[PDB]
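In the order they appear, the protein sequences are chains A, B, C, D, E, F, G and H. For reference, each letter of the first sequence is one residue, going 56 to 163, 202 to 231, 237 to 259 in the authors' numbering. Following the authors' numbering, the numbering of the second sequence begins with 49 at its first residue and continues without gaps. Following the authors' numbering, the numbering of the third sequence begins with 36 at its first residue and continues without gaps. Following the authors' numbering, the numbering of the fourth sequence begins with 4 at its first residue and continues without gaps. Following the authors' numbering, the numbering of the fifth sequence begins with 28 at its first residue and continues without gaps. Following the authors' numbering, the numbering of the sixth sequence begins with 276 at its first residue and continues without gaps. Following the authors' numbering, the numbering of the seventh sequence begins with 68 at its first residue and continues without gaps. Following the authors' numbering, the numbering of the eighth sequence begins with 432 at its first residue and continues without gaps. Beta carbons are placed, not taken as given, at the ideal position from N, Cα and C, and that holds for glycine. Below: the structure, in structure tokens.
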Amino acid sequence: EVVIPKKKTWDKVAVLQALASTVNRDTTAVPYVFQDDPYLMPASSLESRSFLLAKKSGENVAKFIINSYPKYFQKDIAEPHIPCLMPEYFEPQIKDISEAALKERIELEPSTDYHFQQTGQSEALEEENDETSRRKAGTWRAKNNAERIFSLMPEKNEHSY
Amino acid sequence: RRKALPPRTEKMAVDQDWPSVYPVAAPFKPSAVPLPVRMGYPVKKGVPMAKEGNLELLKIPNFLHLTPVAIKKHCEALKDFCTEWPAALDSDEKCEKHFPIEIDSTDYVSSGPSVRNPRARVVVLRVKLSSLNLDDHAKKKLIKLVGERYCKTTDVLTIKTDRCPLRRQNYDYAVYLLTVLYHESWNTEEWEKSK
Amino acid sequence: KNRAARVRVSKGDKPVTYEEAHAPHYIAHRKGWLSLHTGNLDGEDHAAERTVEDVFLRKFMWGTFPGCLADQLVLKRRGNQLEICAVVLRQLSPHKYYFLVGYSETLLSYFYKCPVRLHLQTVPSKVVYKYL
Amino acid sequence: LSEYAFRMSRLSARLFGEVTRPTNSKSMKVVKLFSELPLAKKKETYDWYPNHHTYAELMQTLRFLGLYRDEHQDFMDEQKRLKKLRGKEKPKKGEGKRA
Amino acid sequence: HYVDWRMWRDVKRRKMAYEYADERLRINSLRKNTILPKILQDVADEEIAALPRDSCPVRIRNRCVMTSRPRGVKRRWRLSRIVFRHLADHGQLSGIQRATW
Amino acid sequence: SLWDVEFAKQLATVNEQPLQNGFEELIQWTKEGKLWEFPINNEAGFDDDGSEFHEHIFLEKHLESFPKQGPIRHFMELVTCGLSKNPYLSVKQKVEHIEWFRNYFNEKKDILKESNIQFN
Amino acid sequence: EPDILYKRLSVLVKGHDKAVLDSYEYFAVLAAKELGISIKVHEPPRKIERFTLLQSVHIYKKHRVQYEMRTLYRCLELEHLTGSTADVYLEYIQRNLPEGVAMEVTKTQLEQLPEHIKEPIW
Amino acid sequence: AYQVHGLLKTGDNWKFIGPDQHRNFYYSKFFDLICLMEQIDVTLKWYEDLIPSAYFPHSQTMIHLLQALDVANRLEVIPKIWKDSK
Ligand SMILES: [Mg+2]
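Take a look at the structure:
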């Protein structure tokens, strides 16, 4: 009599490819990263590089001025709550702790301060979020710090090597 | 400093696809549109504005992205996510005899990032009582317990349910209320003899 | 003598455009509205906040660009979209223009919590329609 | 309206979720106020005046860093500078009437 | 930088009424009750009278968020009568057109 | 794991592609998380902490330190019926109000004892 | 999991002018005829709100300025549509929904009989 | 060249362009190959899909395009090419 077929479960990929990814490519089309007005069209590679670098510098200075005053970008009005609308934090959140404070100071003049705090509060530096951060930031200092951590603490050897 | 670049009017061709130029609802950029359309109130002896710097063409939303061939291609590409309607539910009589329970929904829209709507919580349950197993005393007791929430002409039970922010909870609550109504109709209490 | 947002005629050396040379009794006739959203219709909430956001955006765009706006702003509130339809004169470098566009887009998207894409319209000079 | 009608009304109130036993009119205020949102917690009552202090501080810090060209504040500063240069400036902290 | 004081007092009173709301709701619920002895109603009235002022929804004054006008303010867009006509003649309110019948 | 983060950044900077039209723009906006979910609804986010209907309607399992026949029970049933038909507050706030009223009635016991009735 | 089959549903579209909503409903009926929905066309009555306000700031009561609020109504009537087809139609409507109109989705799903409706004894 | 064009951005635009200078060099090489391999139709298609979609040309690629246009009688759009090269 009345048949009941099973429903299809599609997320944000099937409908996207069925709607947007079902057209052709324009012939004389400039890259859509910029604008479309005739006076601001990229005529060569130099103009495109300059516009891209200007956009990157604008984004960087915007993020910098947002991180400088975090108390002006917190009153949300949206509902789905986009996770990419919250600035990152770089100041430590633990004072009386040792390993947790060192990790918060390293991950979240920062690496040296974290190393000094770990040496003062007697905190064993692990092989994750410590040696790699010291090698990426600072390379005789990183080697000296690794040697000091290996001489003062004997945990994992393969990861340290 | 100062420079000059030719627009896309004399740069494109004639045998070119249209939706490939204006995919999304663009606010009409006088550049890739080779249509010198003039809109505005002119003067007695003069020429009105054309397309460049025209505020009327910028405020009014343009409908150049819904090309007929593009609409046909979009409707054809979405055939994979469709379900054919069964032939057993073509007439309304068979639909009412098979599925006599209707559940309405309230989904509106708001301008801005706000998604919550205080008027999107009502879900009226319309069930036709002409197909259920209702005798005489049970049906009379059900009508007495309902009161005015039952139509005496179309015979469609209309009960308004809105006691939670969600909708499936209200649906389950209405189903439970209907279940208790059907249970109490088959029961006789001590004060029913003194009717 | 009831004078509104119109331009007073004096002699013959005031290059006015189409927005400043119209009376408010011709908006729904020979003009129109700058913005457009569903908050003004009957039966819908969230309107005062939208007007405050619009006036704040207009003040910000007028203060950041010194005289770069030849007319006004044409905003479009489509669900979760804030499209800016402004005009910029051809008096500066395109690199600075793109820098300002990117900065404004980032600031608006990080402040109003809404994806914003700007669309500029280069005008070689100031907009003009009559010499009223 | 007799005993049977009263029993049916109490049964309907208990089923749909109302007041079963009979009450007065002043006692209905509690239920009619708990069944809705109070005036002091409406979505448009406390949000009538947004935090304008934050917007003012943002405009001030954008004008200070040169990211915002506020002509009104510049005109005010120019007028204050002209008034101070004319010979009528603001007195110090704790000087004026007793000077 | 602001220049007015009545707007600041009004927003402070609004914030204090939003903070002090559950207690006032409970007191008002204990008030309007034909049942329950009068001593509880009397002590509730004494407690709600002993509370400091500037924290009550009664003192809420619907003013404008641009001019802070006391009387003559719409409750829709939260503004006075002159700013409304001003921004309507400028052209920001879509649909709000001059009545021509 | 900083090495995994560096590997992900390398994959991202290798598999990069410029923009062509507005379709890629909206695709990027949807993948970034800026647009709403499609068939926009009214229950995305605020789901009342994943509760059902028995926790909103049946509130008898929250009244234990109260009698069965009396004015106190009448007031408790009244406030329960008021909290039941309230789609603006959550069940946690209802339980908080119930326990606050319970503590308030248990604190002032002299008046309840002098009211020619007992309080349970 | 079984699919949810719908019977009748309407998408009320209310805007400011008339040409935009006319073109939108024309596109909608074209998309419906090019897929297999078979709908009709109707127009509910309109509602215009007018209020009277002052013109100046002092003693100027004899000169008043009024404003209007045009809000038309254009709703369709989608019939004989399943769940996936209704979802696809709603997606197509939302992907091209202008900023000057609204949307009121009122779907009516189908349901046979619950678990306790036959002969249940608590 | 056909395999590179098919594996570039025809399926997944990932290994098509790593930066800017390499992408410009690859586009110039593809244009020179299309101009020195087939006749004039493929050269015009490459100039419309590369020189008009990416950026302007360099010196050797521009000289090769000019030679291919002169060898097939196509001297009409030399001013725009000269302006782009300048
Ligand atoms: Mg007059």
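Residue i to residue j span [Cα, whole Å]
| i | j | result |
| --- | --- | --- |
| residue 225 of chain A | residue 379 of chain F | 58 Å |
| residue 444 of chain H | residue 47 of chain E | 59 Å |
| residue 8 of chain E | residue 83 of chain D | With chain E running from 28 to 128 in the structure shown, residue 8 of chain E is simply not present. |
| residue 103 of chain D | residue 70 of chain C | In this structure chain D extends from 4 to 102, so residue 103 of chain D is not present and cannot be described. |
| residue 37 of chain E | residue 89 of chain E | 9 Å |
| residue 80 of chain B | residue 121 of chain G | 47 Å |
| residue 106 of chain G | residue 166 of chain B | 30 Å |
| residue 498 of chain H | residue 105 of chain A | 31 Å |
| residue 143 of chain B | residue 137 of chain B | 5 Å |
| residue 98 of chain G | residue 161 of chain G | 13 Å |
| residue 48 of chain C | residue 90 of chain B | 20 Å |
| residue 279 of chain F | residue 98 of chain A | 39 Å |
| residue 355 of chain F | residue 212 of chain B | 15 Å |
| residue 368 of chain F | residue 37 of chain D | 12 Å |
Cβ-based burial, residue i [other Cβ within 10 Å; buried from 16]
| i | result |
| --- | --- |
| residue 41 of chain E | buried |
| residue 209 of chain B | buried |
| residue 136 of chain A | exposed |
| residue 35 of chain D | exposed |
| residue 78 of chain D | exposed |
| residue 477 of chain H | buried |
| residue 351 of chain F | buried |
| residue 211 of chain A | buried |
| residue 312 of chain F | exposed |
| residue 54 of chain B | exposed |
Contact check, residue i vs residue j, beta carbons under 8 Å
| i | j | result |
| --- | --- | --- |
| residue 80 of chain G | residue 136 of chain G | no |
| residue 88 of chain C | residue 147 of chain C | yes |
| residue 106 of chain C | residue 52 of chain C | yes |
| residue 134 of chain A | residue 163 of chain B | yes |
| residue 121 of chain A | residue 142 of chain A | yes |
| residue 346 of chain F | residue 63 of chain E | yes |
| residue 164 of chain C | residue 97 of chain B | yes |
| residue 75 of chain E | residue 44 of chain E | no |
| residue 301 of chain F | residue 88 of chain A | no |
| residue 233 of chain B | residue 173 of chain G | no |
| residue 387 of chain F | residue 394 of chain F | yes |
Chain B contact for residue i (CB, 8 Å cutoff)
| i | result |
| --- | --- |
| residue 100 of chain G | no |
| residue 74 of chain C | yes |
| residue 65 of chain A | yes |
Minimum C-alpha distance to residue i - residue among the options
| i | options | result |
| --- | --- | --- |
| residue 146 of chain G | G:116, G:98, G:104, G:189 | G:104 |
| residue 129 of chain A | D:81, D:72, D:58, D:69 | D:58 |
| residue 38 of chain C | C:159, C:48, C:56 | C:56 |
| residue 330 of chain F | B:240, B:231, B:241, B:214 | B:214 |
| residue 174 of chain B | G:157, G:180, G:94 | G:180 |
| residue 79 of chain C | G:113, G:183, G:138 | G:138 |
| residue 202 of chain B | B:123, B:224, B:93, B:178 | B:178 |
| residue 228 of chain B | D:62, D:6, D:15 | D:15 |
CB contact below 8 Å: residue i versus chain F
| i | result |
| --- | --- |
| residue 10 of chain D | no |
| residue 15 of chain D | no |
| residue 71 of chain A | yes |
Beta carbon proximity, residue i to chain G, threshold 8 Å
| i | result |
| --- | --- |
| residue 152 of chain A | no |
Contact with chain C by residue i, beta-carbon distance below 8 Å
| i | result |
| --- | --- |
| residue 159 of chain B | yes |
C-beta neighbour in chain E for residue i, strict 8 Å
| i | result |
| --- | --- |
| residue 170 of chain G | no |
| residue 36 of chain D | yes |
Any C-beta of chain D under 8 Å from that of residue i
| i | result |
| --- | --- |
| residue 66 of chain E | no |
| residue 130 of chain A | yes |
8 Å Cβ cutoff, residue i in contact with chain A
| i | result |
| --- | --- |
| residue 64 of chain D | yes |
| residue 110 of chain C | no |
| residue 181 of chain G | no |
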